[PDB]
>>> print(open('protein.csv').read())   # CSV, N, CA and C atoms
chain,number,residue,atom,x,y,z
A,1,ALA,N,149.9,86.4,76.6
A,1,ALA,CA,150.3,85.5,75.4
A,1,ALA,C,151.3,86.2,74.5
A,2,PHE,N,152.0,85.5,73.6
A,2,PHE,CA,153.0,86.1,72.7
A,2,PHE,C,153.2,85.2,71.6
A,3,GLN,N,153.8,85.7,70.5
A,3,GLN,CA,154.1,85.0,69.3
A,3,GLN,C,155.4,85.5,68.7
A,4,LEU,N,156.1,84.7,68.1
A,4,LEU,CA,157.4,85.1,67.5
A,4,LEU,C,157.3,84.7,66.1
A,5,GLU,N,157.8,85.6,65.2
A,5,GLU,CA,157.7,85.0,63.9
A,5,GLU,C,158.7,85.6,62.9
A,6,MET,N,159.8,84.9,62.7
A,6,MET,CA,160.8,85.4,61.8
A,6,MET,C,160.1,86.1,60.6
A,7,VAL,N,160.2,87.3,60.2
A,7,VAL,CA,159.4,87.8,59.2
A,7,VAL,C,160.2,88.5,58.1
A,8,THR,N,161.5,88.4,58.2
A,8,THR,CA,162.4,89.0,57.2
A,8,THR,C,163.8,88.8,57.6
A,9,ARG,N,164.6,88.5,56.6
A,9,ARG,CA,166.1,88.4,56.8
A,9,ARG,C,166.5,89.0,58.1
A,10,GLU,N,166.7,88.1,59.1
A,10,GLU,CA,167.2,88.5,60.4
A,10,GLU,C,166.2,89.4,61.2
A,11,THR,N,165.0,89.5,60.7
A,11,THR,CA,164.1,90.3,61.5
A,11,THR,C,163.0,89.5,62.2
A,12,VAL,N,162.8,89.8,63.5
A,12,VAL,CA,161.8,89.0,64.3
A,12,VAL,C,160.8,89.9,64.9
A,13,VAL,N,159.5,89.5,64.8
A,13,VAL,CA,158.4,90.2,65.4
A,13,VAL,C,158.0,89.5,66.7
A,14,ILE,N,158.0,90.2,67.7
A,14,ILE,CA,157.4,89.7,69.0
A,14,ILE,C,156.0,90.3,69.2
A,15,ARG,N,154.9,89.5,68.9
A,15,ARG,CA,153.6,90.1,69.2
A,15,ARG,C,153.3,89.9,70.7
A,16,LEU,N,152.9,90.9,71.4
A,16,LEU,CA,152.5,90.7,72.8
A,16,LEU,C,151.0,90.9,72.8
A,17,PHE,N,150.3,90.1,73.6
A,17,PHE,CA,148.9,90.2,73.6
A,17,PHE,C,148.3,89.8,74.9
A,18,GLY,N,147.5,90.6,75.5
A,18,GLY,CA,146.9,90.3,76.8
A,18,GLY,C,147.8,90.6,78.0
A,19,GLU,N,148.0,89.6,78.9
A,19,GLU,CA,148.8,89.7,80.1
A,19,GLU,C,150.1,89.0,79.9
A,20,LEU,N,151.2,89.6,80.0
A,20,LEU,CA,152.5,88.9,79.9
A,20,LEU,C,153.0,88.6,81.3
A,21,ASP,N,152.9,87.3,81.7
A,21,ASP,CA,153.4,86.9,83.0
A,21,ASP,C,155.0,86.9,83.0
A,22,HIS,N,155.5,86.9,84.3
A,22,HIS,CA,156.9,86.8,84.5
A,22,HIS,C,157.4,85.5,83.9
A,23,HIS,N,156.6,84.5,83.8
A,23,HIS,CA,157.0,83.3,83.2
A,23,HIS,C,157.2,83.4,81.7
A,24,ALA,N,156.4,84.2,81.1
A,24,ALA,CA,156.5,84.4,79.6
A,24,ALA,C,157.7,85.2,79.2
A,25,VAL,N,158.0,86.2,80.0
A,25,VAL,CA,159.1,87.0,79.8
A,25,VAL,C,160.3,86.1,79.7
A,26,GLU,N,160.3,85.1,80.5
A,26,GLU,CA,161.3,84.1,80.6
A,26,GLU,C,161.4,83.2,79.3
A,27,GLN,N,160.3,82.7,78.8
A,27,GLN,CA,160.2,82.0,77.5
A,27,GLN,C,160.8,82.8,76.4
A,28,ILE,N,160.4,84.1,76.4
A,28,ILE,CA,160.8,85.0,75.4
A,28,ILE,C,162.3,85.3,75.4
A,29,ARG,N,162.8,85.6,76.6
A,29,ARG,CA,164.2,85.9,76.8
A,29,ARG,C,165.1,84.7,76.3
A,30,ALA,N,164.5,83.5,76.4
A,30,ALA,CA,165.3,82.3,76.0
A,30,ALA,C,165.5,82.3,74.5
A,31,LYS,N,164.4,82.4,73.8
A,31,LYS,CA,164.4,82.2,72.3
A,31,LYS,C,165.1,83.2,71.5
A,32,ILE,N,164.8,84.5,71.9
A,32,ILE,CA,165.4,85.7,71.3
A,32,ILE,C,166.9,85.8,71.6
A,33,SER,N,167.3,85.8,72.9
A,33,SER,CA,168.7,85.9,73.2
A,33,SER,C,169.4,84.8,72.4
A,34,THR,N,168.8,83.6,72.3
A,34,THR,CA,169.6,82.6,71.6
A,34,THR,C,169.8,83.0,70.2
A,35,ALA,N,168.6,83.4,69.6
A,35,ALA,CA,168.6,83.8,68.2
A,35,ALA,C,169.6,84.9,67.9
A,36,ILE,N,169.8,85.9,68.8
A,36,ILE,CA,170.7,86.9,68.6
A,36,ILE,C,172.1,86.4,68.7
A,37,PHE,N,172.5,85.6,69.7
A,37,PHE,CA,173.8,85.0,69.9
A,37,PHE,C,174.1,84.0,68.7
A,38,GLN,N,173.0,83.5,68.1
A,38,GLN,CA,173.2,82.6,67.0
A,38,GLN,C,173.3,83.4,65.7
A,39,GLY,N,173.0,84.7,65.7
A,39,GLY,CA,173.1,85.5,64.5
A,39,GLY,C,171.9,85.3,63.6
A,40,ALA,N,170.8,84.7,64.1
A,40,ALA,CA,169.6,84.5,63.4
A,40,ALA,C,168.7,85.8,63.4
A,41,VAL,N,169.0,86.6,64.4
A,41,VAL,CA,168.3,87.9,64.6
A,41,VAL,C,169.1,89.1,64.8
A,42,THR,N,168.9,90.1,64.1
A,42,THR,CA,169.6,91.4,64.3
A,42,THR,C,168.6,92.5,64.3
A,43,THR,N,167.3,92.2,64.3
A,43,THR,CA,166.3,93.3,64.3
A,43,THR,C,165.1,92.8,65.0
A,44,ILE,N,164.6,93.5,66.0
A,44,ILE,CA,163.5,93.1,66.8
A,44,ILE,C,162.5,94.2,66.7
A,45,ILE,N,161.3,93.9,66.2
A,45,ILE,CA,160.2,94.8,66.3
A,45,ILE,C,159.3,94.2,67.4
A,46,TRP,N,159.1,95.0,68.4
A,46,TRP,CA,158.2,94.6,69.5
A,46,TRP,C,156.9,95.1,69.3
A,47,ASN,N,155.9,94.3,69.0
A,47,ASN,CA,154.5,94.8,68.9
A,47,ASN,C,153.8,94.9,70.2
A,48,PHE,N,153.6,96.1,70.8
A,48,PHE,CA,153.0,96.3,72.1
A,48,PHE,C,151.5,96.5,72.0
A,49,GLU,N,151.0,96.9,70.8
A,49,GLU,CA,149.6,97.1,70.7
A,49,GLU,C,148.3,96.5,71.4
A,50,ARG,N,148.3,95.2,71.6
A,50,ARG,CA,147.3,94.3,72.1
A,50,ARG,C,147.6,94.0,73.6
A,51,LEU,N,148.7,94.5,74.1
A,51,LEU,CA,149.2,94.1,75.4
A,51,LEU,C,148.3,94.9,76.4
A,52,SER,N,147.9,94.3,77.4
A,52,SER,CA,147.2,95.0,78.4
A,52,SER,C,148.0,95.3,79.6
A,53,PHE,N,149.0,94.5,79.8
A,53,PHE,CA,149.9,94.6,81.0
A,53,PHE,C,151.0,93.6,81.0
A,54,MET,N,152.2,94.1,81.4
A,54,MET,CA,153.4,93.2,81.6
A,54,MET,C,153.9,93.6,82.9
A,55,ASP,N,154.6,92.7,83.7
A,55,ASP,CA,155.1,93.1,84.9
A,55,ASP,C,156.4,93.8,84.6
A,56,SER,N,157.1,94.3,85.6
A,56,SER,CA,158.4,95.0,85.4
A,56,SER,C,159.5,94.2,84.6
A,57,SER,N,159.5,92.9,84.7
A,57,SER,CA,160.5,92.1,84.0
A,57,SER,C,160.4,92.2,82.5
A,58,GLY,N,159.2,92.7,82.0
A,58,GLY,CA,159.1,92.9,80.5
A,58,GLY,C,160.0,94.0,80.1
A,59,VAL,N,160.1,95.0,81.0
A,59,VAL,CA,160.9,96.2,80.7
A,59,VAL,C,162.3,95.8,80.6
A,60,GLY,N,162.8,95.0,81.4
A,60,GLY,CA,164.2,94.5,81.4
A,60,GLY,C,164.3,93.5,80.2
A,61,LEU,N,163.2,92.8,79.9
A,61,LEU,CA,163.3,91.9,78.8
A,61,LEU,C,163.7,92.7,77.6
A,62,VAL,N,163.0,93.8,77.4
A,62,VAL,CA,163.2,94.6,76.2
A,62,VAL,C,164.6,95.3,76.2
A,63,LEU,N,165.0,95.9,77.3
A,63,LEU,CA,166.3,96.6,77.4
A,63,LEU,C,167.4,95.6,77.3
A,64,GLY,N,167.2,94.4,77.8
A,64,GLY,CA,168.3,93.4,77.7
A,64,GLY,C,168.6,93.1,76.3
A,65,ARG,N,167.6,92.8,75.5
A,65,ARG,CA,167.8,92.5,74.1
A,65,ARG,C,168.4,93.7,73.3
A,66,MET,N,168.1,94.9,73.8
A,66,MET,CA,168.7,96.1,73.2
A,66,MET,C,170.2,96.0,73.4
A,67,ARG,N,170.7,95.8,74.6
A,67,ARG,CA,172.1,95.8,74.9
A,67,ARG,C,172.7,94.6,74.1
A,68,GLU,N,171.9,93.6,73.9
A,68,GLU,CA,172.4,92.4,73.1
A,68,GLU,C,172.5,92.8,71.6
A,69,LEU,N,171.5,93.6,71.1
A,69,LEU,CA,171.6,94.0,69.8
A,69,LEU,C,172.7,95.1,69.6
A,70,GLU,N,172.9,96.0,70.5
A,70,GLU,CA,173.9,97.0,70.4
A,70,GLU,C,175.2,96.4,69.9
A,71,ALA,N,175.6,95.3,70.4
A,71,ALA,CA,176.9,94.7,70.1
A,71,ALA,C,177.0,94.0,68.7
A,72,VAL,N,175.9,93.6,68.1
A,72,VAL,CA,175.9,93.1,66.8
A,72,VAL,C,175.4,94.1,65.8
A,73,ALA,N,175.4,95.4,66.3
A,73,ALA,CA,175.0,96.5,65.5
A,73,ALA,C,173.6,96.3,65.0
A,74,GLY,N,172.8,95.6,65.8
A,74,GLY,CA,171.4,95.3,65.5
A,74,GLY,C,170.5,96.4,65.9
A,75,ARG,N,169.2,96.3,65.7
A,75,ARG,CA,168.3,97.4,66.0
A,75,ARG,C,167.0,96.9,66.6
A,76,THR,N,166.4,97.8,67.3
A,76,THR,CA,165.1,97.6,68.0
A,76,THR,C,164.0,98.6,67.5
A,77,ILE,N,162.8,98.1,67.3
A,77,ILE,CA,161.7,99.0,67.1
A,77,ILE,C,160.6,98.7,68.1
A,78,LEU,N,160.1,99.7,68.8
A,78,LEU,CA,159.0,99.5,69.7
A,78,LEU,C,157.7,100.0,68.9
A,79,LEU,N,156.8,99.1,68.7
A,79,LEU,CA,155.7,99.4,67.8
A,79,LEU,C,154.4,99.5,68.5
A,80,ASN,N,153.8,100.7,68.6
A,80,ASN,CA,152.5,100.8,69.2
A,80,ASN,C,152.6,100.8,70.7
A,81,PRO,N,153.6,101.3,71.3
A,81,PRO,CA,153.7,101.5,72.8
A,81,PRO,C,152.5,102.4,73.3
A,82,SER,N,152.0,102.0,74.4
A,82,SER,CA,151.0,102.9,75.1
A,82,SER,C,151.7,104.0,75.7
A,83,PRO,N,151.2,104.6,76.8
A,83,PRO,CA,151.8,105.9,77.3
A,83,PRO,C,153.0,105.6,78.2
A,84,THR,N,152.8,104.9,79.3
A,84,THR,CA,153.8,104.5,80.2
A,84,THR,C,155.0,104.0,79.4
A,85,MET,N,154.7,102.9,78.7
A,85,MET,CA,155.7,102.3,77.8
A,85,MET,C,156.6,103.3,77.1
A,86,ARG,N,155.9,104.1,76.3
A,86,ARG,CA,156.8,105.0,75.6
A,86,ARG,C,157.6,105.9,76.6
A,87,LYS,N,156.9,106.4,77.6
A,87,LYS,CA,157.5,107.2,78.6
A,87,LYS,C,158.6,106.4,79.3
A,88,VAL,N,158.2,105.1,79.7
A,88,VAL,CA,159.2,104.2,80.4
A,88,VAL,C,160.5,104.1,79.5
A,89,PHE,N,160.3,104.1,78.2
A,89,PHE,CA,161.5,103.9,77.4
A,89,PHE,C,162.3,105.2,77.1
A,90,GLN,N,161.5,106.2,76.7
A,90,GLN,CA,162.1,107.5,76.5
A,90,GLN,C,163.0,107.9,77.7
A,91,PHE,N,162.5,108.2,78.9
A,91,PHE,CA,163.4,108.3,80.0
A,91,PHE,C,163.4,107.1,80.9
A,92,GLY,N,167.9,104.8,73.8
A,92,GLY,CA,166.5,104.7,73.3
A,92,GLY,C,166.3,104.0,72.0
A,93,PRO,N,165.2,103.3,71.8
A,93,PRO,CA,164.8,102.6,70.6
A,93,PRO,C,164.0,103.5,69.6
A,94,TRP,N,163.6,102.9,68.5
A,94,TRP,CA,162.7,103.5,67.6
A,94,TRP,C,161.3,103.1,67.9
A,95,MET,N,160.4,104.1,68.1
A,95,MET,CA,159.0,103.9,68.2
A,95,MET,C,158.2,104.5,67.1
A,96,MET,N,157.4,103.6,66.5
A,96,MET,CA,156.6,104.1,65.4
A,96,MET,C,155.2,103.5,65.4
A,97,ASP,N,154.2,104.4,65.5
A,97,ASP,CA,152.8,103.9,65.4
A,97,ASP,C,152.4,103.5,64.0
A,98,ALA,N,152.5,102.2,63.8
A,98,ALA,CA,152.2,101.6,62.5
A,98,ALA,C,151.8,100.2,62.6
A,99,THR,N,151.5,99.6,61.4
A,99,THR,CA,151.2,98.2,61.4
A,99,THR,C,152.5,97.4,61.3
A,100,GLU,N,152.4,96.1,61.4
A,100,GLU,CA,153.6,95.2,61.2
A,100,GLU,C,154.1,95.3,59.8
A,101,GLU,N,153.1,95.2,58.8
A,101,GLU,CA,153.6,95.3,57.4
A,101,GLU,C,154.3,96.7,57.3
A,102,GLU,N,153.7,97.7,57.8
A,102,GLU,CA,154.3,99.0,57.8
A,102,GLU,C,155.7,99.0,58.5
A,103,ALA,N,155.7,98.5,59.7
A,103,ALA,CA,157.0,98.4,60.4
A,103,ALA,C,158.1,97.7,59.6
A,104,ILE,N,157.7,96.6,58.9
A,104,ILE,CA,158.6,95.8,58.2
A,104,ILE,C,159.0,96.5,56.8
A,105,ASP,N,158.1,97.0,56.1
A,105,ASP,CA,158.4,97.8,54.9
A,105,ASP,C,159.5,98.7,55.2
A,106,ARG,N,159.3,99.4,56.3
A,106,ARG,CA,160.2,100.4,56.8
A,106,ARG,C,161.6,99.8,57.1
A,107,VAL,N,161.7,98.6,57.7
A,107,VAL,CA,162.9,98.0,58.0
A,107,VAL,C,163.7,97.6,56.7
A,108,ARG,N,163.0,97.1,55.7
A,108,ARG,CA,163.6,96.7,54.4
A,108,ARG,C,164.4,97.9,53.9
A,109,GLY,N,163.8,99.1,53.9
A,109,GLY,CA,164.5,100.3,53.5
A,109,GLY,C,165.7,100.6,54.4
A,110,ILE,N,166.7,101.3,54.0
A,110,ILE,CA,167.9,101.5,54.9
A,110,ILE,C,169.2,101.5,54.1
>>> encode(input="protein.csv", output="structure tokens")
Amino acid sequence: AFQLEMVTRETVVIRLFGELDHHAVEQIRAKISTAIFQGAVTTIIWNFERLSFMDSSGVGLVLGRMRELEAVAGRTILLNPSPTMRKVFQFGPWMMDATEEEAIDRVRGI
């Protein structure tokens, strides 16, 4: 499952929870890519916390949006990545073990 929620001037939270199917990656890629191309989004906080498993397309889902953000000088934060995830991404975005309010407070500063 997943939820999207505009939470701040151009900032979007993607909560991932449970099992993210290849089909969901697709629903997500649709709404966010649109949002970026529309200029409604320039910062994505991906909340990975509750996630138990995504298939490989989630990895591209995230990296795609990054390449999309790079061009609008946007930014990505990976929030609460487990082991593989942070390893998968390290070998890059910003990873911070925090809450969403925390993550967002942090984004407002800059």
>>> select_by_dssp(input="protein.csv", residues="chain A", states="alpha helix (DSSP H)", output="MDAnalysis selection string")
chainID A and resid 22:38 57:71 83:90 100:108
>>> residues_around(input="protein.csv", residues="region 15-17 of chain A", least_positions_apart="3", cutoff="9 Å", atoms="only C-alpha atoms", output="list in words")
residues 1, 2, 3, 4, 5, 20, 45, 46, 47, 48, 49, 50, 51, 52 and 53 of chain A
>>> closest_residue(input="protein.csv", among="A:37, A:59, A:70, A:106", to="residue 86 (chain A)", atoms="only C-alpha atoms")
A:59
>>> residues_around(input="protein.csv", residues="region 24-33 of chain A", least_positions_apart="2", cutoff="10 Å", atoms="only C-alpha atoms", output="short mmCIF file (atom, residue, chain, number, x, y, z; two decimals) with N, CA and C atoms, in the frame of the given file")
data_model
loop_
_atom_site.label_atom_id
_atom_site.label_comp_id
_atom_site.auth_asym_id
_atom_site.auth_seq_id
_atom_site.Cartn_x
_atom_site.Cartn_y
_atom_site.Cartn_z
N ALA A 1 149.90 86.40 76.60
CA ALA A 1 150.30 85.50 75.40
C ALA A 1 151.30 86.20 74.50
N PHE A 2 152.00 85.50 73.60
CA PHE A 2 153.00 86.10 72.70
C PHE A 2 153.20 85.20 71.60
N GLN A 3 153.80 85.70 70.50
CA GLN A 3 154.10 85.00 69.30
C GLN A 3 155.40 85.50 68.70
N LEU A 4 156.10 84.70 68.10
CA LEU A 4 157.40 85.10 67.50
C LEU A 4 157.30 84.70 66.10
N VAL A 12 162.80 89.80 63.50
CA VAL A 12 161.80 89.00 64.30
C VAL A 12 160.80 89.90 64.90
N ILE A 14 158.00 90.20 67.70
CA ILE A 14 157.40 89.70 69.00
C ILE A 14 156.00 90.30 69.20
N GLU A 19 148.00 89.60 78.90
CA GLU A 19 148.80 89.70 80.10
C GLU A 19 150.10 89.00 79.90
N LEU A 20 151.20 89.60 80.00
CA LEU A 20 152.50 88.90 79.90
C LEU A 20 153.00 88.60 81.30
N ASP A 21 152.90 87.30 81.70
CA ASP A 21 153.40 86.90 83.00
C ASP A 21 155.00 86.90 83.00
N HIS A 22 155.50 86.90 84.30
CA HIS A 22 156.90 86.80 84.50
C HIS A 22 157.40 85.50 83.90
N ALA A 35 168.60 83.40 69.60
CA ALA A 35 168.60 83.80 68.20
C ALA A 35 169.60 84.90 67.90
N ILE A 36 169.80 85.90 68.80
CA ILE A 36 170.70 86.90 68.60
C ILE A 36 172.10 86.40 68.70
N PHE A 37 172.50 85.60 69.70
CA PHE A 37 173.80 85.00 69.90
C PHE A 37 174.10 84.00 68.70
N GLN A 38 173.00 83.50 68.10
CA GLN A 38 173.20 82.60 67.00
C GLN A 38 173.30 83.40 65.70
N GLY A 39 173.00 84.70 65.70
CA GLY A 39 173.10 85.50 64.50
C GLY A 39 171.90 85.30 63.60
N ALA A 40 170.80 84.70 64.10
CA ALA A 40 169.60 84.50 63.40
C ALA A 40 168.70 85.80 63.40
N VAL A 41 169.00 86.60 64.40
CA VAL A 41 168.30 87.90 64.60
C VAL A 41 169.10 89.10 64.80
N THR A 42 168.90 90.10 64.10
CA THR A 42 169.60 91.40 64.30
C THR A 42 168.60 92.50 64.30
N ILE A 44 164.60 93.50 66.00
CA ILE A 44 163.50 93.10 66.80
C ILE A 44 162.50 94.20 66.70
N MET A 54 152.20 94.10 81.40
CA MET A 54 153.40 93.20 81.60
C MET A 54 153.90 93.60 82.90
N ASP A 55 154.60 92.70 83.70
CA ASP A 55 155.10 93.10 84.90
C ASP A 55 156.40 93.80 84.60
N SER A 56 157.10 94.30 85.60
CA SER A 56 158.40 95.00 85.40
C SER A 56 159.50 94.20 84.60
N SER A 57 159.50 92.90 84.70
CA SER A 57 160.50 92.10 84.00
C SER A 57 160.40 92.20 82.50
N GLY A 58 159.20 92.70 82.00
CA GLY A 58 159.10 92.90 80.50
C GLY A 58 160.00 94.00 80.10
N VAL A 59 160.10 95.00 81.00
CA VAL A 59 160.90 96.20 80.70
C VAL A 59 162.30 95.80 80.60
N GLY A 60 162.80 95.00 81.40
CA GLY A 60 164.20 94.50 81.40
C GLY A 60 164.30 93.50 80.20
N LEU A 61 163.20 92.80 79.90
CA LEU A 61 163.30 91.90 78.80
C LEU A 61 163.70 92.70 77.60
N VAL A 62 163.00 93.80 77.40
CA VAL A 62 163.20 94.60 76.20
C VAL A 62 164.60 95.30 76.20
N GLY A 64 167.20 94.40 77.80
CA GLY A 64 168.30 93.40 77.70
C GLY A 64 168.60 93.10 76.30
N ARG A 65 167.60 92.80 75.50
CA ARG A 65 167.80 92.50 74.10
C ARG A 65 168.40 93.70 73.30
N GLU A 68 171.90 93.60 73.90
CA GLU A 68 172.40 92.40 73.10
C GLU A 68 172.50 92.80 71.60
N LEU A 69 171.50 93.60 71.10
CA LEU A 69 171.60 94.00 69.80
C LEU A 69 172.70 95.10 69.60
#
>>> select_by_dssp(input="protein.csv", residues="region 10-107 of chain A", states="strand (DSSP E)", output="count of residues only")
29
>>> atom_distance(input="protein.csv", atom1="CA of residue 105 (chain A)", atom2="atom N of residue 93 (chain A)")
19.0 Å
>>> atom_distance(input="protein.csv", atom1="atom C of residue 7 (chain A)", atom2="atom C of residue 91 (chain A)")
29.6 Å
>>> atom_distance(input="protein.csv", atom1="CA of residue 100 (chain A)", atom2="atom C of residue 23 (chain A)")
23.9 Å
